[PDB]
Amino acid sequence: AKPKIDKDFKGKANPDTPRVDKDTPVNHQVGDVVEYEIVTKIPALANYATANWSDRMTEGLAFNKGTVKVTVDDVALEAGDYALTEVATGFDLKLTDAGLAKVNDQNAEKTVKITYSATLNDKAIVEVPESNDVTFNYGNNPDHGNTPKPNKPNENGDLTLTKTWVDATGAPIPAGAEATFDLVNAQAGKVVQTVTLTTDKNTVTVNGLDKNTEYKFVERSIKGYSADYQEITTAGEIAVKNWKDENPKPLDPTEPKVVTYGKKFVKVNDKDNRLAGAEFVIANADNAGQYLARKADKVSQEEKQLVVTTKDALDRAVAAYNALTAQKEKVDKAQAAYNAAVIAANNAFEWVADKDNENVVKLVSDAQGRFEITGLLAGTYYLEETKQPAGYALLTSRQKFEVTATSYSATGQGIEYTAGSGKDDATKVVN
């Protein structure tokens, strides 16, 4: 009777028997190309006027335009069978009359498969998942529904919902019913707040949200109305239009999640004094092996140049600081600028045999001894010091560290990343 849907990583999707652990994010490294598949079962003897799929992704996943492929019963559709619209944050794929004829009026269940990919990018934050979000909007009447578009709150934590209503022709009409929405953290898929719009007030502001987190208002199905989520035009505002299409509720599968990991370090001496200007690379073995580098063909000339120029300025700041008596915030700022340039340039990682390779990632301690690495797979890695802090001997041994699902954030480690934090969330490196 009703169609069935699932979305998962390529090869895992199963509309009949969806995977049990979907909610648990799968560890990837920055630059990974994540392959997705949507599988939809359409019943025999269907007579749909609309069969539309739409997907929107959180900002750390860059939809790869041109990667969409669609098959029915493992047979490729023709260009004329669907209308595909691609945007920075995803796509909409709508069957034309020609495409509908291939899933309608069939004597057996039809299986639609849509595959595509997205690239995990440098906007991803360690331990915060990234996600897509597919909705299948269908019915015997034309349907105007689509998938939610995630959005961040305004600077002060406010996110506002506005709802309007139209008939099947697009003409405004009064609210047809009370409308309930679940405000969902779009990264993790957890509901944070439920709101209800009465028939006389079509807007509501939710306060206290995280300005660096994406959310979405997911409409609970209202009988005979389809939810058309408007493109995002500004932070802190989400608009929804309800069409009186008189179609069934849409299909809304449980999407998988991806996540990257990281590690924090503090450079100190034997008295726990924090040291600026120590430089390190990362190796994949306790001796020999390879070193962590950004992939040269995935980084622009401008991105590479910024790493170099900010490093030069950091070198100058470290020099000027080291000249000061015990009795510079300049170092911290310069180091943060360099760190930001490194993150922006680290679009993808690879392992290289030559530690002198110009693309090898180089970490530098600030005036609080701090340095860090983000965007990694879990594993056992090894720091190698390449430049000692002024006045100290070069370390001779590599230092083992473990990257895990909580290694960036957890206490129970060597030292406070930032003194006084109360969290021992960094690896201690002693000079």
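Throughout, we count residues from 1 along the sequence that is shown.
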| item | value |
| --- | --- |
| Absent coordinates between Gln327 and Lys328 - deposited residues affected, binned into four classes | 4 to 9 |
| Higher-B stretch (mean Cα B-factor, as the entry records it), 177-185 or 311-319 | 311-319 |
| Segment of higher mean CA temperature factor, 392-400 or 26-34 | 392-400 |
| Highest recorded Cα temperature factor - choice among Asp210, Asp332, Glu219, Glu130 | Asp332 |
| Candidate set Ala345, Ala235, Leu292, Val103 [ranked by C-alpha B-factor, highest] | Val103 |
| Entry-reported Cα temperature factor of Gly139, expressed as the chain third it lands in | middle |
| Position of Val281 among the chain's modelled residues by C-alpha B-factor, lowest, middle or highest third | lowest |
| Third of chain Cα B-factors occupied by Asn14 | middle |
| Cα B factor band for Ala46 (lowest, middle or highest third within the chain) | highest |
| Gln305 by Cα B-factor - lowest, middle or highest third of the modelled chain | middle |
